[PDB]
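What follows is one structure encoded as structure tokens, with my remarks underneath.
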Amino acid sequence: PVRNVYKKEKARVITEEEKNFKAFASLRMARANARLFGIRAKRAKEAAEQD
Amino acid sequence: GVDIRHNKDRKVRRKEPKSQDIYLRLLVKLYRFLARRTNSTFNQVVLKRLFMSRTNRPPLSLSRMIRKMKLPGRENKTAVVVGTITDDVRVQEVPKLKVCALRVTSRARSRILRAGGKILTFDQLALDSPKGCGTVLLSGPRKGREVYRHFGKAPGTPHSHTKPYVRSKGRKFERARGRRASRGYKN
Amino acid sequence: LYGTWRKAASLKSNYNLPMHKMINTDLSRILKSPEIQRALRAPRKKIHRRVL
Amino acid sequence: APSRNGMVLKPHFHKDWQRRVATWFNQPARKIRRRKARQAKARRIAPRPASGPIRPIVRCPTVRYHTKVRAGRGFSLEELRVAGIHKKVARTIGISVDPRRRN
Amino acid sequence: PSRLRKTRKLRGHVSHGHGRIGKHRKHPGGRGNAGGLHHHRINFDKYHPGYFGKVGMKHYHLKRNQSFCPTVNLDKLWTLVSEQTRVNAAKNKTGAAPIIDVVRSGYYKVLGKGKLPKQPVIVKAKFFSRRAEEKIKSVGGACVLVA
Amino acid sequence: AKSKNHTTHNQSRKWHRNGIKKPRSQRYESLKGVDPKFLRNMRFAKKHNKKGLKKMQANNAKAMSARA
RNA sequence: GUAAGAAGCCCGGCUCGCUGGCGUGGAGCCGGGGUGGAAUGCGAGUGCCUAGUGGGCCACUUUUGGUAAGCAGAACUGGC
RNA sequence: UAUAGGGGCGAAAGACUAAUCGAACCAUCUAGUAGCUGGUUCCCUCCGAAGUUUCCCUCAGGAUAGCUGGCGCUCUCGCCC
RNA sequence: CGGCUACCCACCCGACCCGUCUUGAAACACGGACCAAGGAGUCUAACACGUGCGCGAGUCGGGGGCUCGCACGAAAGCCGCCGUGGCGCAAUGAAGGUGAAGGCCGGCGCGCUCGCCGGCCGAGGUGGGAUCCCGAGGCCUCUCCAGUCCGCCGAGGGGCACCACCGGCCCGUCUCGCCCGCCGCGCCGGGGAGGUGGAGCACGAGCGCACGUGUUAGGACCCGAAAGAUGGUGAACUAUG
RNA sequence: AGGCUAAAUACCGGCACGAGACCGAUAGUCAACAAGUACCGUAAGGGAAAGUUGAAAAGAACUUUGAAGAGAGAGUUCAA
Ligand SMILES: [Mg+2]
Ligand SMILES: [Mg+2]
Ligand SMILES: [Mg+2]
Ligand SMILES: [Mg+2]
Ligand SMILES: [Mg+2]
Ligand SMILES: [Mg+2]
Ligand SMILES: [Mg+2]
Ligand SMILES: [Mg+2]
Ligand SMILES: [Mg+2]
Ligand SMILES: [Mg+2]
Ligand SMILES: [Mg+2]
Ligand SMILES: [Mg+2]
Ligand SMILES: [Mg+2]
Ligand SMILES: [Mg+2]
Ligand SMILES: [Mg+2]
Ligand SMILES: [Mg+2]
Ligand SMILES: [Mg+2]
Ligand SMILES: [Mg+2]
Ligand SMILES: [Mg+2]
Ligand SMILES: [Mg+2]
Ligand SMILES: [Mg+2]
Ligand SMILES: [Mg+2]
Ligand SMILES: [Mg+2]
Ligand SMILES: [Mg+2]
Ligand SMILES: [Mg+2]
Ligand SMILES: [Mg+2]
Ligand SMILES: [Mg+2]
Ligand SMILES: [Mg+2]
Ligand SMILES: [Mg+2]
Ligand SMILES: [Mg+2]
Ligand SMILES: [Mg+2]
Ligand SMILES: [Mg+2]
Ligand SMILES: [Mg+2]
Ligand SMILES: [Mg+2]
Ligand SMILES: [Mg+2]
Ligand SMILES: [Mg+2]
Ligand SMILES: [Mg+2]
Ligand SMILES: [Mg+2]
Ligand SMILES: [Mg+2]
Ligand SMILES: [Mg+2]
Ligand SMILES: [Mg+2]
Ligand SMILES: [Mg+2]
Ligand SMILES: [Mg+2]
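Residue numbers (the deposited numbering), protein chains in the order written: chain A, 156 to 206; chain B, 2 to 188; chain C, 263 to 314; chain D, 2 to 104; chain E, 2 to 148; chain F, 2 to 69.
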């Protein structure tokens with residue numbers, strides 16, 4: 156009952172601007188967005204409240 | 002009395018090899034004969050390195066054994082190592098160079114035979130070079146041992162950079178007094 | 263069950279024959295070979311004992 | 002009591018450990034017992050296979066082992082209903098059934 | 002082996018390797034780490050700096066399970082897949098590149114070292130470093146994030 | 002229970018049991034402890050020595066090999 | 001305590017974000033030249049591990065307190 | 001017959017409580033700990049101390065440095081310098 | 001006839017009774033009447049160092065499983081899509097986290113205390129450094145001539161390990177300033193130049209077993225107390241009803 | 001805030017059981033034996049010492065001194 160599945164995906168050509176788009180900064184941007192997801196919502200609520 | 006000096010009878014030396022390896026004793030016999038009968042200081046140093054222990058013969062690495070032959074003047078010379086030459090995961094290309102060492106590992110022998118070189122032993126090296134002509138004697142990274150990084154004048158008094166013994170390298174284990182200025186003194 | 267130095271052991275998983283330290287280990291043949299005796303100093307068998 | 006440069010040691014031997022020393026002198030004995038237990042099961046019980054009930058493909062809950070795979074416990078009653086068989090009828094067929102496993 | 006023991010050699014000597022004057026009886030200095038601040042300060046200090054005091058925050062119910070991220074280097078990045086694979090995939094055929102997945106090998110984060118040859122590959126990992134990402138961009142490979 | 006307080010007797014002999022040592026070997030003396038303004042001089046001077054010394058020293062070596 | 005040389009002496013040239021009348025000064029780097037540089041004796045440097053020791057005493061000389069001590073306390077050297 | 005162990009009893013001596021009482025007897029924890037006495041078992045060879053610095057509720061003790069032994073490693077000589 | 005000797009005696013000389021506390025023992029210091037047997041540094045766990053062996057960026061089956069029932073078999077052999085796991089291959093931070101490659105050449109922006117494009121090399125430099133390499137030179141019974149022959153070296157070069165210094169990279173803090181990207185243009189991220197703290201990197205040397213030394217905790221080299229606690233037994237002596 | 005349930009696990013008591021790089025009558029359990037026995041303390045409780053003739057008693061018929069213990073002859077046994 157193990158059945159360690161072996162997905163291979165051997166042959167593919169190097170592709171378009173995904174290799175320019177998937178840099179290291181996406182992880183830091185996602186980390187900062189996850190850390191500051193709530194405080195931006197609170198500031199948007201305060202900006203909608205104070206008119 | 003005669004000797005007003007101190008009595009230091011034996012200097013430091015190890016005369017006979019402490020290992021009970023029969024093959025190492027036969028190589029000790031052969032290179033002792035060559036060292037006392039060929040006037041070859043190469044055979045002198047190789048016989049001393051066979052007298053040398055298991056620990057003080059560190060394992061050579063394949064990248065270092067490539068780079069010490071990549072220097073100009075080492076094209077057709079043979080890299081003689083008293084010790085083991087091991088595989089390196091870092092390398093990508095292996096030249097057509099010759100190896101003369103004891104107990105080369107399996108992956109290293111496989112990659113050298115795929116690259117096209119020639120591995121030998123010390124008896125074949127003696128049959129090819131009695132005086133040791135055309136050889137370069139190599140040694141390995143002794144000071145990079147984990148044991149030698151604990152060794153110094155102190156662990157931390159002029160900060161000393163010499164690795165105090167502890168169980169777990171991290172928080173709560175030897176990081177408070179003498180390791181920072183906010184909690185007591187600082188080294 | 264053990265194999266030669268060319269192939270691995272087929273019955274065992276990850277075993278090979280060990281490294282052989284001295285391949286042609288005839289020490290008398292080596293020390294009486296012409297390549298070794300070509301590079302010898304001289305047979306020095308004088309004793310040179312104590313002179314009174 | 003301490004000495005030259007060696008690691009600070011705190012062994013947990015201040016408690017009277019000499020009474021409770023469990024040393025595995027009966028480890029080949031338990032091995033022979035458990036061999037005979039498995040053989041007596043395979044003889045006397047059934048022509049059912051050893052490790053009788055079938056175990057599921059199960060992913061391990063971690064950020065560490067969830068890339069790997071595991072034989073679970075039971076077949077997760079919604080899965081068993083989609084397969085279309087009764088619960089204890091499946092248990093007598095040989096299907097291992099766990100009512101807790103969700104999907 | 003009691004025949005190789007120093008006790009067998011020291012039979013005949015009166016004080017048995019511990020002196021007549023000092024008289025090592027039971028426990029002259031204490032027991033264990035006794036006197037860590039009072040009278041053994043030159044051995045707890047000057048051989049174990051940092052042994053006394055609190056250092057930082059206290060994470061209640063910590064596991065060595067959530068911080069599981071074994072790091073792979075760019076030196077180790079090639080031998081996770083066999084050499085036959087990269088040779089037969091980069092033997093002058095086309096611009097195709099093999100995928101080296103470190104998650105199947107068991108490593109999560111790719112870190113940056115040297116020795117990264119001209120032949121580009123596609124590396125899939127859950128985490129990266131900016132140096133390794135720049136090395137992959139310099140050799141021409143592609144960066145792919147997985148989860 | 003009065004004991005002997007302090008002495009330096011039998012001390013120079015223990016000093017000369019092992020032959021009191023000069024440090025005796027410092028080639029290319031250590032550099033820490035020197036003026037930080039002087040270090041801001043010297044490190045920038047060394048790295049621009051590493052950068053911009055090629056052509057003038059090469060032509061000077063050619064000129065002195067031609068003249069000597 | 002220091003110096004009695006090849007780790008030293010001199011010449012030529014680069015760099016400096018230090019300094020600044022000045023290509024001024026100072027440091028670093030590069031190339032070249034000649035080793036016979038006080039006496040005597042000795043083959044040296046360095047790394048690891050560790051026992052015992054942590055009660056001392058006497059003598060020439062210089063000395064502290066005491067009237068003095070085989071008294072108490074110091075310095076060099078030697079001895080137990 | 002009643003009072004049984006930090007309990008009894010005492011015209012009071014801290015006396016008596018099974019030859020033991022200013023805290024009974026037997027067993028267990030317990031082989032309690034001791035920086036404190038005494039002892040520590042065959043031969044030969046080589047090397048070979050100290051009673052000193054500093055710290056400690058430290059002064060009959062310990063830690064550290066010094067003195068010492070063992071294990072080596074790096075080199076150097078044997079052929080006018 | 002010769003004979004040293006675990007036989008006895010005599011003579012000349014020297015010679016206080018051993019063991020240990022001590023600066024000092026034959027001591028008017030302590031133990032020892034004599035003899036036979038027993039009698040004191042062991043074992044486990046952990047660490048450190050040294051040595052020996054196997055494999056070696058890997059290593060290790062101690063946890064289980066497989067063999068036909070075997071006295072030695074409570075052994076041994078094997079697993080490998082049983083490597084789960086321990087140690088090592090990455091460190092620094094209290095933490096969020098971050099995480100070790102640079103150098104050369106040509107062109108471009110004011111080669112501007114300044115970035116980009118294309119190609120090449122690749123774990124940096126200096127001073128020592130066993131060894132190794134090239135080699136002027138001269139040496140062998142009569143001449144021009146040669147090849148191995150007898151036969152070393154002035155000088156030069158690449159430089160193992162390691163030492164000393166300089167330089168570089170990574171992590172957390174400090175100072176100064178500018179630039180870049182947008183799964184969304186924000187108290188968002190990233191990058192540069194300097195001096196610091198690290199048990200770091202700067203081609204890795206570990207893992208397992210065994211032996212030796214030292215330390216710790218366990219009764220821990222052997223014997224030794226005044227004492228504390230727990231549970232029971234005694235008013236047949238004596239004290240008082 | 002109601003309940004049951006075999007397996008893997010533990011066992012120095014007990015009934016048989018097999019093995020031992022263990023010990024050898026001052027050792028090994030206190031105890032190889034009429035051993036928790038003799039004995040001690042009012043009691044709780046404490047607690048020993050102690051193996052070996054020979055192949056088989058064939059354990060010395062008979063004579064003799066002494067009242068016997070014992071002894072000299074004689075005999076059994078490879079050996080008194
Ligand atoms: Mg003499
Ligand atoms: Mg001596
Ligand atoms: Mg000690
Ligand atoms: Mg206890
Ligand atoms: Mg001694
Ligand atoms: Mg002591
Ligand atoms: Mg003193
Ligand atoms: Mg000792
Ligand atoms: Mg003392
Ligand atoms: Mg005095
Ligand atoms: Mg006195
Ligand atoms: Mg004397
Ligand atoms: Mg009570
Ligand atoms: Mg009480
Ligand atoms: Mg009484
Ligand atoms: Mg009292
Ligand atoms: Mg009491
Ligand atoms: Mg004891
Ligand atoms: Mg003191
Ligand atoms: Mg010490
Ligand atoms: Mg020493
Ligand atoms: Mg020594
Ligand atoms: Mg004493
Ligand atoms: Mg005295
Ligand atoms: Mg004496
Ligand atoms: Mg007396
Ligand atoms: Mg006496
Ligand atoms: Mg006496
Ligand atoms: Mg005896
Ligand atoms: Mg070791
Ligand atoms: Mg794993
Ligand atoms: Mg661990
Ligand atoms: Mg006691
Ligand atoms: Mg108390
Ligand atoms: Mg009465
Ligand atoms: Mg009365
Ligand atoms: Mg319930
Ligand atoms: Mg229940
Ligand atoms: Mg059960
Ligand atoms: Mg007996
Ligand atoms: Mg008995
Ligand atoms: Mg019988
Ligand atoms: Mg006989």
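The beta carbon of each residue, even a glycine, is placed where N, CA and C say it ideally should be.
* To do: Taking only beta-carbon positions, decide if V9 (chain D) is within less than 9 Å of chain B.
  => Interface criterion met: the Cβ of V9 (chain D) is under 9 Å from a Cβ in chain B.
* Starting from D102 (chain E) and walking both ways along the beta strand (DSSP E), at which residues does that stretch end? -> Taken as a continuous stretch (DSSP letters only), the beta strand (DSSP E) holding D102 (chain E) covers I100 to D102.
* To do: Tell me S62 (chain B)'s beta-bridge partners as DSSP assigns them.
  => Its beta-bridge partners are B:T87.
* Under 9 Å between the Cβ atoms of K99 (chain B) and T79 (chain B)? -> It is a contact, given that the beta carbons lie within the stated cut-off.
* Asked: At a Cβ threshold of 9 Å, is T266 (chain C) touching chain B?
  -> So, not an interface residue.
* Could you list which residues in chain E have their beta carbon closer than 7 Å to that of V64 (chain D), in chain order? => What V64 (chain D) touches in chain E: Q67 and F69.
* Within 9 Å (strictly less), CB to CB, does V105 (chain B) reach chain C? -> Yes - at least one Cβ of chain C is within 9 Å of the one on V105 (chain B).
* To do: Grab the span of the alpha helix (DSSP H) containing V90 (chain D) for me, first residue to last.
  => Looking at the DSSP string, the run of the alpha helix (DSSP H) that includes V90 (chain D) is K88 to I94.
* **Closer than 7 Å at the beta carbon, the chain D residues around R158 (chain A)** => In chain order: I58 and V70.
* **Any chain A beta carbon closer than 9 Å to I94 (chain D)** => Not one chain A Cβ lies under 9 Å of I94 (chain D).
* Does the beta-carbon distance from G18 (chain E) to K27 (chain E) come in below 9 Å? -> For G18 (chain E) and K27 (chain E), no; Cβs fall outside 9 Å.
* To do: List in chain order: all unbroken beta strand (DSSP E) runs of 3+ residues lying wholly within the segment 108-179 of chain B.
  => You should have 119-121 and 136-139.
* Asked: Within the present structure, is the beta-carbon of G23 (chain E) separated from the nearest heavy atom of ligand 6 by less than 8 Å?
  -> Shortest gap from the CB of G23 (chain E) to any heavy atom of ligand 6: under 8 Å.
* **Sequence-distant residues of the same chain with beta carbon closer than 7 Å to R58 (chain B), five excluded per side** => Apart from the 5 residues on each side of it in sequence, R58 (chain B) sits with its Cβ closer than 7 Å to the Cβ of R50, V83 and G84 in its chain, given in chain order.
* **Distance between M58 (chain E) and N188 (chain A) (C-alpha atoms, nearest Å)** => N188 (chain A) and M58 (chain E): Cα-Cα distance of roughly 25 Å.
* is_contact[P60 (chain B), chain C] using C-beta, thresh 9 Å -> Chain C contact via Cβ: absent.
* Residue-level contact to chain C via CB, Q125 (chain B), 9 Å cutoff -> Taking Cβ atoms only, chain C reaches closer than 9 Å to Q125 (chain B), which makes this a yes.
* **Through-space distance from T87 (chain B) to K173 (chain B), alpha-carbon basis** => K173 (chain B) and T87 (chain B) have their C-alpha atoms roughly 38 Å apart.
* For the segment 96-111 of chain E against the segment 162-181 of chain A, are there 3 or more C-beta pairs whose distance is under 8 Å? -> The answer is yes - the segment 162-181 of chain A touches the segment 96-111 of chain E, with three or more Cβ pairs under 8 Å.
* Are the Cβ atoms of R180 (chain B) and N188 (chain B) separated by less than 9 Å? -> In this structure, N188 (chain B) lies closer than 9 Å to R180 (chain B) by Cβ.
* Note down the Cα distance separating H7 (chain F) from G153 (chain B), rounded to an integer number of angstroms. => Distance between the alpha carbons of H7 (chain F) and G153 (chain B): 32 Å.
* Would the beta-carbon of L63 (chain B) fall within 9 Å of that of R143 (chain B)? -> In this structure, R143 (chain B) does not lie closer than 9 Å to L63 (chain B) by Cβ.
* **Residue span of the beta strand (DSSP E) that contains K162 (chain A), given as start and end** => Neither: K162 (chain A) is in no beta strand (DSSP E) and is coded neither H nor E.
* Reduced DSSP secondary structure (H/G/I, E/B, other) of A126 (chain E) -> The answer is strand: DSSP assigns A126 (chain E) an E or B state.
* Asked: For the candidate residues E:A133, E:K47 and E:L5, whose alpha-carbon lies nearest to that of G141 (chain E)?
  -> Ranking E:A133, E:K47 and E:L5 by Cα distance to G141 (chain E) puts E:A133 first.
* Out of curiosity, what's the CA-to-CA distance linking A36 (chain B) and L128 (chain B)? -> Cα to Cα, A36 (chain B) sits roughly 14 Å from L128 (chain B).
* Which residues in chain C sit within 7 Å of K132 (chain B), going by Cβ to Cβ distance? -> What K132 (chain B) touches in chain C: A301.
* Asked: At least one CB of chain B closer than 9 Å to the CB of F53 (chain E): is that the case?
  -> Taking Cβ atoms only, chain B reaches closer than 9 Å to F53 (chain E), which makes this a yes.
* To do: Could you work out which residue in E:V56, E:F45, E:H40 and E:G37 is closest to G171 (chain B) when comparing CA atoms only?
  => When only C-alpha atoms are compared, the closest one is E:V56.
* Report yes if the C-beta distance between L139 (chain B) and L28 (chain B) is below 9 Å; otherwise report no. => Cβ distance not < 9 Å, so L139 (chain B) and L28 (chain B) don't count as in contact.
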